[PDB]
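Asker: all I have is the shape, not the residue letters:
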């Protein structure tokens, strides 16, 4: 488990690429450690800054009939794509949003 | 600076008459906003008493060209060329305040002294410009072109609901409404 | 500068005649203040000698649109167009200084030379704006519309107590 | 700039003519000064040759509204409305430099061309303004209202000692 | 500030009258853009009503001198010298908005009072200027110079597709979504 | 900005004609400098022609009102109200450059159109202003009052040595060497 | 801004008429560039329509005084004084764009009303100024002085190749390929 | 900006008409430079066409008062009062460019409406000012005062070599080898 991944420098996860796609990691002594039988979880709070909001800034007519879950989904997706490089998000199997 | 914050919330605010400088600023802002995020909408607020035709054409083409949808809001008035810009927004996303008025009329022009050939060329140009204005108003509305022909002969003033019935706008703002709020 | 301090306290200050630029600034400020906090009230201070009409309508619509309550304080004077704004505050929160006046009268315009049809259209437009103005004044006041029509025929100047009795003012403040 | 540091001290300076902009600046400064500290006094230096009446009323009301005592010091001159502002300070604090003058006279104004009814309304308004000025000068001084009425009929120039005997100021300072 | 931001991706507005200050600013920007990277294109956007001729020639020479390709886009109107500047872009990279217009006409001139010799010298200079304009327009288009001479006698106004068939531009762009 | 440094040390520089705005600026600068230190010496440099009398009185009272001493330096010229400002410095440290000149004359006024009573009141005000200017010049000089009456009738031009003999200045400074 | 970037590369624009302020800015820039580096070339770009004679003199003298070589480039036009400035570059380093023009003519002047002696003095000064200008033109070109005297009687307009054949410039630059 | 860099190198640059504001700026800059370093020289560059006489006297007194030596450099032109500033530098440190020019002539004045007496005092003052200017020119040059009086009757124009022979400057700049 990697807890609060957004709190770290956006380069540590560069070391997870070989973990996610190849399932291995080599330490500084040259030994290859096998990651093929583990479960990787990464927790984050990205894209959850507008939950305590009722409207946007400008003029509006109807009021965004979509529920909070869909807005959270879209914001999370956008923030994840903005914060992580595409090759890293291409290796993550599942992205789950918590309502 | 409130205008800055309006800009980070993807609002381009048009509060002055339509000339070359205003057209350049609005078009540059549109290009920047499209480059930042080619999927989120861009809001244009109109409070201008018309302006020149070439700047109107440039702004109209830039609005039609950019990938994101454009939401036009009429605040105050849209007198001569601003009516076309208000009607040039994304269909279903053009709206006006309750106590707002939209004006339409044929273009007014004047030329300096010259020989008859120059005046004839200028008159042909002005006729072409008026025909292009008629086509722009006919495409982005509901009424047929002949009704536009007869309407824009003199000044035509429309209220918010009158403009909505005319087809230039789609909705009339009433008051602030909150979001769905359902978890 | 003091104006920044007042704006940080959700106070929008209007001390110049109402034209397109001032109306745009006021609308932008109101939208920003509503977005910042949709619960606290917004204060508008009126010290202007009137102005145009389309800017009046834009400011009025923006004031009615925003969620927070708007408290309008008459200070120095509020003549002609600005008077409507003074009556456009949230009911029960319209205030005026003791030595302040409110002036109301029908619109005055000026059109250039033109054919008779154009002038007829302009006359219809100005009559429509006057009817809209009298309706707006009737909505936000206890005075019936007919007496408003009679009164705004010429210039009418009201003191703080006269405005309070007329309806455009909810209370008069003297000292903290 | 010296003005910023003088404001940081707690001194408002009013050496410019009284119009809407200057009155707005003075009211904003007074509100900010009261907000920062509601106990210490505010010093106002007056060197202005009068101005508009509405701005005078606005500044006077703002001065009377604030909790902190307002000490008004006259240097150079204080004419027309500036005299009212100088005499409008809290009692016991109004003071003036040795060879300064205070000039008082009835309001002067003009109106554009119009029908007789509009002129009558304007004349009634100007008479009301002069009466209000009379009451403001009367309650904030010692001489009875009748003598002031007979006195501001023409221009009246008072030296520091003349003003002190008149009751507009309280004590003449040579050096602090 | 939008203008600096477009300048970051090598985009230049020419949206004011063509005079000495505007020409100097344009060539300074062009030289800076060439120095930053000599093999990436430079975009020039034209929304001007015209201007002087010396500034026109200076801008044209600066455009021709720089190594990278110059892509000219007509947005609103491009009249007189602006038409030449629009036609002076790299071939195949000259564009115009759908409702844009291009106006071409012979140079206009006015001189103060003077003796006949000075007037004759000035008239010869003006005729040379017109001949240079004709050559510049003939070089960067697919029209014979005789038709250029006949056309620029009076104000010739062309729309987007008329300019495309006339040879001044290479493409008319409608929308981004339609490529 | 040299003026920034000059004000930073102690120096107030007065090189423009005396009107309401300039007088307000000078008053604000004097009050600020007094706020910095109520025991140092402030320097005022005069290179200006005359100006409005009310501003003259305001600046005179402002200099006479603070504790810190005021050192007046004349340079180029100091005419009309500027001459009074020069003579209003604290005794012993009012000085002028060698080629400077001081011009003194009675006030010049122009009232607007009005009825006879208004003109009479304005004339009384102008006369008392002239008497007050006379008293100010007599107080800060070694010359008797009647000689000043005779002198200020028309334009009176004094050199540095002539001003020193008149009593308006205490020292004529030549060089730092 | 681009202008600062070109200044960092030792490039100076002269795109307005030659007056006191323009000459002062140009010579200040030249002195600063010399002090920054005394053996790197300084580039001067000329797009001016002319100007005053004294400012031309000051700029020309400052150009001739500085140690580094100065390379002049005529871009749009160079009329009257600008032509002299263009010809005053370091020999072999004077350039012009292909579609550029250079205009040369004798000085023009006007004098206010005055007595005959003053007008005679002014006429002598104007003749001296013209002689100095034609001497400057003859020194920096491959043309005999009498030919210049005959040519500058009226306005003379030269293309880039004409200026090259006249000796005012050295190369015409077409493209960087 | 180049002007700030020049000021950092103790160069005061004067290329504007001599009036009250320009004189005040020059005086403030001189005082600041003298305060920063009372030993190094200060350079004054002159490109002005003249101006008022009061500002002339103020600047001359200040530039004589400061303890550092002042080096005057003429360029382009130095007319009327400016010429005095060119001749008022410390001896052996006054120089001009090869093609610069100098104007010398008696002061020109204009008086408005006035009674005969006031005009009499005004004419006396103007004559005194002209005599003072003559004495200032005589003191700082190598020419007897009678010759200067005869010369400044009308406009006199001096080239760099003529100024060198006249005594207004000490040497003529040629180039930096």
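Answerer: Cool, the structure landed. Numbering: from 1, shown residues only, chains lettered A, B, ... in the order given.
Asker: centroid residue for chain A?
Answerer: The centroid of chain A falls nearest to residue A:80 when counting by C-alpha atoms, centre = their mean (5.0 Å).
Asker: report the contact partners of that residue.
Answerer: A:44, A:46, A:47, A:89, A:95 (C-beta atoms under 8 Å, 6 or more residues apart in numbering or on different chains). Every residue, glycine included, has its C-beta placed from N, CA and C.
Asker: possible to save the residues you listed as JSON lines with neighbour count, distance to chain H and secondary structure?
Answerer: Compiled in JSON lines, the contacts of residue A:80 are given as follows (neighbours: other C-beta atoms under 10 Å in any protein chain shown; distance: C-beta to the nearest C-beta, whole Å; DSSP: H, G, I helix; E, B strand; the rest coil):
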{"residue": "A:44", "neighbour count": "18", "distance to chain H": "50", "secondary structure": "coil"}
{"residue": "A:46", "neighbour count": "16", "distance to chain H": "47", "secondary structure": "coil"}
{"residue": "A:47", "neighbour count": "21", "distance to chain H": "48", "secondary structure": "coil"}
{"residue": "A:89", "neighbour count": "13", "distance to chain H": "50", "secondary structure": "helix"}
{"residue": "A:95", "neighbour count": "12", "distance to chain H": "55", "secondary structure": "coil"}
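Asker: quick one on the thing from earlier: give me the element the residue nearest to the centre of chain A is part of.
Answerer: Applying DSSP states H and E as the criterion places residue A:80 in helix A:68-83.
Asker: buried residues, that helix. List them.
Answerer: A:68, A:71, A:72, A:73, A:75, A:76, A:79, A:80, A:83 (16 or more other C-beta atoms under 10 Å in any protein chain shown).
Asker: my read: the second one touches residue A:50, true?
Answerer: Yes. The pair residue A:71 and residue A:50 passes the contact test of C-beta atoms under 8 Å, sitting 6.6 Å apart.
Asker: circling back: pull the most distant pair out of the contacts of residue A:80.
Answerer: A:47 and A:89 (13.5 Å; C-beta to C-beta).
Asker: flag every buried residue along stretch B:21-36.
Answerer: B:22-34.
Asker: tell me the SS of the closest residue to residue B:126 other than its chain neighbours?
Answerer: What sits nearest to residue B:126 in space, not counting adjacent residues and going by C-beta to C-beta, 6 or more residues apart in numbering or on different chains, is residue B:109, at 5.4 Å. Recorded secondary structure, residue B:109: coil (DSSP: H, G, I helix; E, B strand; the rest coil).
Asker: same question, residue B:44
Answerer: Strictly by three-state DSSP, residue B:44 counts as strand.
Asker: ok, it - contacts?
Answerer: B:11, B:12, B:13, B:14, B:26, B:63, B:70, B:71, B:72, B:73, B:85, B:89.
Asker: just these: which are in helices?
Answerer: Among the contacts of residue B:44, the members found in helices (DSSP state H) are B:26, B:63, B:85.
Asker: which one of those residues is nearest to chain E?
Answerer: The closest of the ones in helices among the contacts of residue B:44 to chain E turns out to be residue B:26 (C-beta to the nearest C-beta; 9.6 Å).
Asker: so who does that closest one touch?
Answerer: Per C-beta under 8 Å, 6+ apart, neighbours of residue B:26: B:12, B:14, B:44, B:59, B:62.
Asker: with residue A:73 instead?
Answerer: Per C-beta under 8 Å, 6+ apart, neighbours of residue A:73: residue A:97.
Asker: also residue B:16?
Answerer: B:22, B:48, C:20.
Asker: residue A:33 too?
Answerer: Here residue A:33 is in contact with A:24, A:25, A:26, A:27 (criterion: C-beta under 8 Å, 6+ apart).
Asker: and those, which are buried?
Answerer: By 16+ other C-beta under 10 Å, those give no buried members at all.
Asker: got those as a markdown table, with distance to residue A:5 columns?
Answerer: As requested, those are exported to a markdown table (distance: C-beta to C-beta, whole Å):
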| residue | distance to residue A:5 |
| --- | --- |
| A:24 | 21 |
| A:25 | 17 |
| A:26 | 22 |
| A:27 | 22 |
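Asker: quick one: which of those is nearest residue A:14?
Answerer: Using C-beta to C-beta, residue A:25 is the member of those that lies nearest residue A:14, at 12.2 Å.
Asker: give me the contact list for the helix or strand harbouring the closest one.
Answerer: Residue A:25 is part of strand A:24-26 when elements are defined by DSSP H and E. Applying C-beta under 8 Å, 6+ apart, the set of residues contacting strand A:24-26 from outside is A:15, A:18, A:19, A:32, A:33, A:34, A:35, A:36.
Asker: counting neighbours, what do you get for the residue nearest to residue B:126?
Answerer: By the criterion of other C-beta atoms under 10 Å in any protein chain shown, residue B:109 has 13 neighbours.
Asker: what about the residue of chain A found nearest chain F, is that helix, strand or coil?
Answerer: With C-beta to the nearest C-beta as the measure, residue A:57 is the residue of chain A nearest to chain F, at 42.0 Å. Recorded secondary structure, residue A:57: coil (three-state DSSP).
Asker: got the contact list for it?
Answerer: B:5, B:6, B:9, B:11, C:31, C:32, C:35.
Asker: and for residue A:58?
Answerer: By C-beta under 8 Å, 6+ apart, the neighbours of residue A:58 are B:6, B:9, B:11, B:43, B:45, B:73, C:31.
Asker: chain D: which of those residues is nearest?
Answerer: Nearest to chain D among these, with distances taken as C-beta to the nearest C-beta, is residue C:31, at 22.5 Å.
Asker: ok, the closest one to residue B:160 distance?
Answerer: Relative to residue B:160, residue C:31 is positioned 19 Å away (C-beta to C-beta, to the nearest Å).
Asker: quick one: end-to-end length of stretch B:154-161, please.
Answerer: End-to-end distance of stretch B:154-161: 20 Å, with C-alpha to C-alpha, to the nearest Å as the criterion.
Asker: that stretch vs chain A: in contact?
Answerer: No. With C-beta under 8 Å from any C-beta of the partner chain as the criterion, chain A is not reached by stretch B:154-161; the gap is at least 12.2 Å.
Asker: how distant is that stretch from the center of its chain?
Answerer: Stretch B:154-161 sits 15 Å away from the centroid of its parent chain (C-alpha atoms, centre = their mean, to the nearest Å).
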